[PDB]
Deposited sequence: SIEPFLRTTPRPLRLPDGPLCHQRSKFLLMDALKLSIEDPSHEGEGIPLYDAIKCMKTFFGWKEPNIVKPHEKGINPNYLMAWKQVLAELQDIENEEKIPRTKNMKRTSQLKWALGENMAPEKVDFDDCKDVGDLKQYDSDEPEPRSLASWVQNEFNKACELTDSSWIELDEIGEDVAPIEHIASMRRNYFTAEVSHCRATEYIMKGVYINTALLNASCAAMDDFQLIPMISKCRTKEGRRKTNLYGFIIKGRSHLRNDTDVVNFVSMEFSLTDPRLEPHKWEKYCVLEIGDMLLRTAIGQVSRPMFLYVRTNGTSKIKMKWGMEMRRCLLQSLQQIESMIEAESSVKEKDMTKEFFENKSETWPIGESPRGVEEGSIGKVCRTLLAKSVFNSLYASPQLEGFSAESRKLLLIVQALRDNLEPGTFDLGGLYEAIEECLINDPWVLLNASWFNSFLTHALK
């Protein structure tokens, strides 16, 4: 044993100073806005048009927040172009399976035919929170006893919509990538769900315009413009929207508590990029449901040494059984197994949506340090001789990526409560 004053107690990770980090997902998450129709399957462009007709407040677009490093008139004109080409589709008595767009100057520019440190903004934890929540709709339809329980917990979870939204768009995009390598294809962003009252529903989030896609390599990059409905005023959090031009396209009527108010509908527009592999990873996002199912299953095994049984039944049904799912100003927050199912799904999904080299760094190394911290929590004596190295390997990955940043922050919170 060593004298306590020599014992090394892990310090918090240092997060860099800088401007607040910005959104860098492939599609809107909590800010997304669906235009939806109840189904009678349809071809996307027909469903898209139908979904857009359920909105009755469209108006002439205008820019409400410039993109700093872009030609903003080109983004407005790209939107008017989308609408003009949807009109043409209409005028055609036959709706086509696909639509190639005119390769105008606005489109060539937009489809083009960062190591500065950022601090952690709060939008990011808000995202995570919203992914853990339950929607009024189900996004999956049909060990096995436990599957259905788990499934019953996450079916309506916001992170599962994100899984589905992401398998559809990545498959549409990878599909267009192969079929129409040179054309600029107009891809509606669509998901399907079931309501409380049991109907099939088709949801339009907006539109991707695929750029050139000669993907001879996995790492080969295809650019795209994303155009996404939202009710989020971009003025609430300008830093979140650094990469975006935001237009105002519509007037949406919402019954608030005090009554019916009119609020702007916005279009979030940006250029973004993706690769064959990244598209393939997004098509594989259902693995997120499987991975978080495995984690919850080990958690039933680690409580199967309570008896000869496993008590999966009571494990899922014993609302008394609680797990630390979070934190408050007071202290660690405890939650039901449901909330654990969704939190672990949301983590898994968010590792997918925010995949990055920084995460691959942060995870391989933060893991080693979590072990040390756990050993210490347990008053074991783990060797700390390599902590210098370890902090270095971890903090190198703490630059500007919002997800990595939130994770570093989560670790420091945990560490504070674990050893203190």
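Of the deposited sequence, the ranges 41 to 44, 118 to 141, 171 to 183 have no C-alpha coordinates according to the record.
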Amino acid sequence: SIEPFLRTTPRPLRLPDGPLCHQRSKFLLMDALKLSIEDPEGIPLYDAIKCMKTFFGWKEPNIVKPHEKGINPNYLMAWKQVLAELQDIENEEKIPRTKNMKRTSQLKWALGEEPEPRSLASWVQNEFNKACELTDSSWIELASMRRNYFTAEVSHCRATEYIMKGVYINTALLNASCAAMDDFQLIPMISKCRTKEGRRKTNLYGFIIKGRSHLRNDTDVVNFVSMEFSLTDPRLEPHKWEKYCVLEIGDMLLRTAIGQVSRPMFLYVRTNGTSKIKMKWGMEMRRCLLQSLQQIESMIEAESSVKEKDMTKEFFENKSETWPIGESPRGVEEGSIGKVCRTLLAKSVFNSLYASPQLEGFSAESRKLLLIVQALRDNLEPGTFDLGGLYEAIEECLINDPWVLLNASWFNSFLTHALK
From here on, numbers count along this sequence of modelled residues.
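For the two regions 279 to 287 and 307 to 315, the entry's Cα B-factors average higher over 307 to 315.
On average the C-alpha atoms of 358 to 366 have higher B-factors than those of the other stretch, with 358 to 366 and 27 to 35 being the two compared. Of the candidates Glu41, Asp378, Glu392, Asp47, the one whose C-alpha carries the top B factor in the deposited record is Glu41.
Which of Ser226, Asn217, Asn129, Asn203 has the largest Cα B-factor in the deposited entry comes down to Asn217. Among the modelled residues of its chain, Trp139 has a C-alpha B-factor that falls in the middle third, as given in the PDB entry.
The entry lists a Cα temperature factor for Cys51 that places it in the lowest third of the chain's modelled residues. When the modelled residues of the chain are ordered by their C-alpha B factor, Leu15 lands in the highest third.
Per the deposited record, the Cα B-factor of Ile337 falls in the middle third when ranked against the other modelled residues of its chain.
The PDB entry assigns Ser191 a C-alpha temperature factor belonging to the middle third of its chain's modelled residues.
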